[PDB]
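I would like the atomic coordinates for the input below:
(one chain, ligands or ions: 1)
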Amino acid sequence: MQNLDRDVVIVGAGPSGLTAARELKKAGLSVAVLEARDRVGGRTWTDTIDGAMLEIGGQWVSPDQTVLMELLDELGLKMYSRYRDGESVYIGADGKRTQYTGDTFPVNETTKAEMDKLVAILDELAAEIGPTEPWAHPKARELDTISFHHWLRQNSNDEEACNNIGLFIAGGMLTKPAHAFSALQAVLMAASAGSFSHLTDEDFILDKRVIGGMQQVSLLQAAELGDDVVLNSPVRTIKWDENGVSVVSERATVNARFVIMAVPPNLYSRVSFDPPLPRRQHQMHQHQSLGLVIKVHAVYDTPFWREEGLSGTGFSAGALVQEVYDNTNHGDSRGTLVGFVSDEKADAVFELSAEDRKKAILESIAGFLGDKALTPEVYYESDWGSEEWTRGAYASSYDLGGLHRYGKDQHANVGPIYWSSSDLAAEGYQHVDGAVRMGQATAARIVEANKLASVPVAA
Ligand SMILES: Cc1cc2c(cc1C)N(C[C@H](O)[C@H](O)[C@H](O)COP(=O)(O)OP(=O)(O)OC[C@H]1O[C@@H](n3cnc4c(N)ncnc43)[C@H](O)[C@@H]1O)c1[nH]c(=O)[nH]c(=O)c1N2
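Numbers count the residues shown, from 1 in each chain. See below for the structure:
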């Protein structure tokens, strides 16, 4: 049982907590990072499964994510682009598989125009409302008390268009059904990425990856922090008063002046607070939940789809696997596909045995890229739902109505206790870039709090 004294304790060694920790040390404050798992990285994790390197969690970098990109440059990390040559596959409402190129689905002209209409409206809302305080906008209550499902249908009678547009947010981002989150929540997602248009473009949101894996972002920061990072040490209790904390984890107890809960909001209540958090937090914390998505990994002897002039990209609002992409590692001679099974469809397939689920998922992928898909050398499902220190994927969002109700307090410190994760971010919301931005912003706030306590207040 280590017994440490530090300026700041950070709960969780994901990218948010680790970024905050480095920024704190840089500002002259000592830190300790207490991590539950036997590794750093949190929702980012590179592992080798039966001889195949896979990114089990977060991996994509988009062009809006300049903060993450600066960090990559500082860490000496390099990026590469997802393969996108050739034709993509779309399976529409008419059940027809059609290959295509360009920035437009091969849909009828009415559906194409309805999609453009919806996207333009959403782009305008995102620009008006912004990703920082969506809850504060005059349109917040209107937009946050109707589901995205119903909002779409108030604005278009075209079911195929509505389902496609829903796909980019529901299955694509929040990993919850469109009837379970609000239009305002969709607008926040869009604003956080620079526009709704950006979310519709896989060449934007799924543009690049980090050579060697996204987990390096955490691994390298942790290596630099040395044994200020304690692994296999879940935080159980935070005793606090107005002036500091004693944080009790399984392998270390740390006395400090501040603590950062650098964990997804659904896991806040895993920590006992003495005294309890205020009623506001007690309530707010219950109204948040992670989505659910199965990240499917299939490795083949070669990227077979390229032989047929396909990019490996596939979309279908109606399929079991709604999205598939080329996810071949930089320099690999084998080929890797990644597919996504979201929310209620994930529930459904989790009903099946592992064997039957694999079969159904591969058959769905074959629907896009052909029967070679049926027989990978390695098949693996990211299973973040089973992880007690995550419990879902990709990220947390409020229940319907919760964003405009609680958003204004999501960043509020409780005395010495701060909250920091990608789930709370504006730009980069729910993504590693957001995690990094939040780590930086929270460290800055603590630095400023420290400065106010140490510099005599002006007359
Ligand atoms: C499968 C799927 C795929 C993707 C992604 C995730 C998931 C799993 N995402 C999202 C993404 O990775 C995520 O936003 C960040 O990893 C979050 O960083 P945080 O540090 O904020 O939380 P994160 O969950 O990563 O870290 C929190 C940490 O605290 C720990 N912890 C929790 N409670 C604790 C306790 N009581 N005591 C001690 N430790 C505790 C955990 O074990 C963990 O390491 C993504 N993002 C992106 O930019 N591009 C992408 O392509 C993807 N794709």
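
Could you show which parts of the stretch 1-150 of the chain are in contact with the ligand?
Where the stretch 1-150 of the chain comes near the ligand, counting by CB under 6 Å from any ligand atom, the residues are 11-17, 34-37, 42-44, 57-60. All C-beta atoms are positioned from the backbone trio N, CA, C, and that covers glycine.

Which of those fall within strands?
Members of those lying in strands (criterion: DSSP state E): 11, 34, 60.

Out of the residues you listed, the closest to the ligand would be?
Looking at those and their distance to the ligand, the nearest is residue 60, at 3.2 Å (CB to the nearest ligand atom).

Tell me how many other residues crowd the nearest residue to that closest one once chain neighbours are set aside.
Leaving out its chain neighbours, the residue that sits closest to residue 60 by CB to CB, 6 or more residues apart in numbering is residue 206, at 5.0 Å. Neighbour count for residue 206, taken as other CB atoms under 10 Å: 22.

how much space between the nearest residue to residue 294 once chain neighbours are set aside and the ligand?
Excluding the flanking residues, the one nearest residue 294 by CB to CB, 6+ apart is residue 341, at 4.2 Å. According to CB to the nearest ligand atom, to the nearest Å, residue 341 stands 11 Å off from the ligand.

now residue 451
Counting by CB to the nearest ligand atom - residue 451 and the ligand are separated by 25 Å.

Count the neighbours of that residue for me.
Neighbour number of residue 451 under other CB under 10 Å is 10.

What of the one 5 residues further on?
For residue 456, the count of nearby residues is 5 (other CB under 10 Å).

residue contacts, it?
Applying CB atoms under 8 Å, 6 or more residues apart in numbering to residue 456 gives no contacts.

Ok, residue 117 next?
Residue 117 touches 155-156, 161, counting by CB under 8 Å, 6+ apart.

Show me where the stretch 251-400 of the chain has its strands.
252-256, 258-261, 272-274, 288-290, 293-300, 310-315, 323-326, 335-342, 378-381, 396-398 (DSSP state E, counting those that start in this stretch).

Take the ones you listed and write them to CSV, including mean neighbour count.
Shown next, in CSV, are those (neighbours: other CB atoms under 10 Å):
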stretch, mean neighbour count
strand 252-256, 20
strand 258-261, 28
strand 272-274, 15
strand 288-290, 21
strand 293-300, 23
strand 310-315, 24
strand 323-326, 24
strand 335-342, 25
strand 378-381, 18
strand 396-398, 24
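
between these, which one is nearest to residue 418?
strand 258-261 (4.8 Å; CB to CB).

The closest one close to the ligand?
No - figure legend: strand 258-261 not in contact with the ligand (CB under 6 Å from any ligand atom); closest approach 8.1 Å.

cool, stretch 221-233 as well?
No - Stretch 221-233 stays clear of the ligand (CB under 6 Å from any ligand atom), getting no nearer than 6.6 Å.

Was I right to think residue 232 contacts residue 252?
No - judged on CB atoms under 8 Å, residue 232 makes no contact with residue 252 at a distance of 10.1 Å.

Close to the ligand: what parts of the stretch 301-450 of the chain are there?
382, 384, 389-390, 393-395, 421-422, 430-433, 435.

before we move on, back to that, quick one: closest of the strands of the stretch 251-400 of the chain to residue 108.
Of all these, it is strand 310-315 that lies closest to residue 108, at 15.8 Å by CB to CB.

Can you list the strands that that closest one pairs with?
strand 87-91 (parallel), strand 323-326 (antiparallel) (DSSP bridges).

Contacts for the first one, please.
Strand 87-91 is contacted from outside by 97-101, 105-107, 309-311, 313-316, 318-319, 367-369, using CB under 8 Å, 6+ apart.

Identify those among those that sit within helices.
With helices taken from DSSP state H, the overlap with the contacts of strand 87-91 comprises 367-369.

can you count the residues close to the closest residue to the ligand within the stretch 251-400 of the chain?
Per CB to the nearest ligand atom, residue 389 is where the stretch 251-400 of the chain lies closest to the ligand, at 3.3 Å. Look at residue 389: counted by other CB under 10 Å, it has 17 neighbours.

Now do the contacts for it.
So residue 389 contacts 36-37, 42, 234, 267 (CB under 8 Å, 6+ apart).

Pull the most distant pair out of the residues you listed.
Between any two of the contacts of residue 389 (CB to CB), the greatest distance is 13.2 Å, for 42 and 234.

the more surrounded of those two?
Applying other CB under 10 Å to residue 42 and residue 234 shows that residue 42 carries more neighbours, namely 30 against 18.

In a strand, residue 246, correct?
Yes - assessed by DSSP: H, G, I helix; E, B strand; the rest coil, residue 246 belongs to a strand.

from here on, count from 49
Taking 49 as the first residue, the last one we looked at is residue 294.

Where does the closest residue to it other than its chain neighbours fall, secondary structure wise?
Leaving out its chain neighbours, the residue that sits closest to residue 294 by CB to CB, 6+ apart is residue 287, at 4.5 Å. Residue 287 belongs to strand 283-289 when elements are defined using DSSP states H and E.

gap between that strand and the chain center?
27 Å (CA atoms, centre = their mean, to the nearest Å).

neighbouring contacts of it?
Residues outside strand 283-289 that contact it (CB under 8 Å, 6+ apart) are 59, 82, 84, 293-298, 307, 319-323, 463-465.

hmm, 7 Å instead?
Residues from elsewhere that reach strand 283-289 (CB atoms under 7 Å, 6 or more residues apart in numbering): 59, 82, 293-298, 307, 319-322, 463-465.

in the top helix by length along the chain, what's buried?
Counting residues, the longest helix found in the chain (DSSP H) is helix 480-502. Neighbour-count burial for helix 480-502 flags 480-491, 493-495, 498 (criterion: 16 or more other CB atoms under 10 Å).

Any chance you could list what contacts that helix?
Residues outside helix 480-502 that contact it (CB under 7 Å, 6+ apart) are 56, 62-65, 67-68, 71-72, 75, 77, 92, 106, 113, 115-116, 119, 262, 265, 306, 308, 466, 468-470, 472-473, 475-476.

if you look at those residues, which of them are in strands?
56, 306, 308, 466.

Just send these back as JSON lines, with distance to residue 247 too.
Below are the ones in strands among the contacts of helix 480-502 laid out as JSON lines (distance: CB to CB, whole Å):
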{"residue": "56", "distance to residue 247": "35"}
{"residue": "306", "distance to residue 247": "35"}
{"residue": "308", "distance to residue 247": "29"}
{"residue": "466", "distance to residue 247": "29"}
